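Take a look at this single chain, the form deposited in one PDB entry, given in C-alpha cells.
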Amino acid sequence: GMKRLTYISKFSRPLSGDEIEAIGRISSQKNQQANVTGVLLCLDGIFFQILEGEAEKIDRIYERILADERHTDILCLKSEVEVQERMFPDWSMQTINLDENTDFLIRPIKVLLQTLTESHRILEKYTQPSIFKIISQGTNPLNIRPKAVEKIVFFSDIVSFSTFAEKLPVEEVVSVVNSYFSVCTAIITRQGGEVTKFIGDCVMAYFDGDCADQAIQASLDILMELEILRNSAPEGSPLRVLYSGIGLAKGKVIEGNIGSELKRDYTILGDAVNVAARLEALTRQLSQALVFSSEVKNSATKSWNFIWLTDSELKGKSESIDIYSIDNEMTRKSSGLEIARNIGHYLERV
C-alpha cells in the first residue's frame, strides 16, 4: 500500500537559502531512487514536507528525517495509508522557499500559513502527545471505537501542597509545581508510560497492563530525583521541601471518542477520583512514599524487594486488598503530621 505523511518542523539552527536548496536537490535524488515523491517548503525557520510512496520506504526515510540534526520539534500532522494515487507524481522532491517568494497572491497565504502554524504550536502544548501518536499512526482520534483495556494507573501528589500556597507568593508556588510536574512527566515518559492529566497537584498516568515493572521503576526514579532535587537546591529554596506520595493500581480504562462534543478525550477511568483519593490517604497514613496494590505487585516480573504494609480498599467495593511497597533505603522513612509541620516551619522562614 502507498503511504503519505505530512509534517512540520523547526530549524534547529539558521539555514541559508542555498543550504535549503541543496537539501531539496539531494532529497530529490534519493527519493527518485526510492520511487518516493513530495514537496518541501520553508517559511521563516519552519519546514513543511509532504512525502508519498510505498509505506516501507516512506518509514525508512522518515526515520532518517527524524534523526536529521538540522531541524527539531518534528510533528506529523497527517498520516494516510492505502493511498490510491500520488499528489505529486512528477516531484521526487520539489522545493519551495517561501521566504524568497514575492508573488502577489502568495504573500497573504504566507501570513496565514505562519499564523496557522504558530497557533498549532500553541495548541500542541495544551493537548496530550497521545493524540498525536494516534495521528501519526494514520487514524483520526475522533474515529477510535470503544475498547476496554487494563492499565497500570499511576497517581502521585505533592505532600502538604496547601502549605506552599499558604506560605509562598503565587509565582513561587507555580515554580514548585512546574518543577514537580516536569520531573514526573520526563521519567514516566522515559519509562514508557503516558501522563493523561493533572488533577490539581496530582499527576495521573497510565502504563500498559503488563508494564508494572516499568511503573515501579518510574516511581522509584521519581523519588530518587526528588531527593536529589531537595538536596541540591539553593539555600532557602522551596524545592527543599518538595516531597511526593505515589500510588499504583490496576484499572479498567475505556478508550474511545469520549466527551461533550464541545470537549473530547480518548480515555476514561471510572472513579479515578476515588482511587486517587484512597492512594493519597495511604501514602499519608503509612509514611511510605510509594504504595501499590496486590494486582500491581503480582503483575510485576522482576525480583523487587516487596514488603507487605497493610490492607486497604481502593475501588469502593468491599474487597480488602493487600497494599505493598518496596523496602529500600529511600522508602525507610519515619513519619505523618511531622512532615506537614516540617514543611510549614521551613517555608515560613524563606
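Counting begins at 1, following the sequence as shown. We call the rigid core whatever largest set of C-alpha positions still superposes within 1.5 Å between the two forms.
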>> Checking chain continuity here. Are there deposited residues lacking coordinates between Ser335 and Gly336, and if so is it 1 to 3, 4 to 9, or 10 or more (or none)?
In response: 1 to 3
> Which wins on mean Cα temperature factor, 131-139 or 217-225?
Replying inline: 131-139
> Of the two stretches 32-40 and 57-65, which shows the higher Cα B-factor on average in the entry?
Replying inline: 57-65
>> For the CA B factor values reported in this entry, which option in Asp208, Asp99, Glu235, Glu261 has the top one?
In response: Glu261
>> Quiz for you: based on the deposited Cα B-factor, which of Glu85, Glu172, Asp157, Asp90 is highest?
In response: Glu85
>> Quick check for you: using the entry's CA B-factors within this chain, is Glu319 in the lowest, middle or highest third?
In response: highest
>> Using the temperature factors of the C-alpha atoms in this entry, rank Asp201 within its chain: lowest, middle or highest third.
In response: lowest
> By the record's CA B-factor, is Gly251 among the lowest, middle or highest third of residues in the chain?
Replying inline: middle
>> Among the modelled residues of this chain, does the Cα B factor of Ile339 put it in the lowest, middle or highest third?
In response: highest
> Lowest, middle or highest third of the chain for the C-alpha temperature factor of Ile326?
Replying inline: lowest
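Omitted here: the form deposited in another entry. The next part is about that form.
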>> If I superpose the two forms on their rigid core, does the C-alpha of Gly256 end up displaced by 2 Å or more between the shown form and the other one?
In response: yes
> Would the C-alpha of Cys76 be classed as shifted by 2 Å or more between the shown form and the other one after rigid-core alignment?
Replying inline: yes
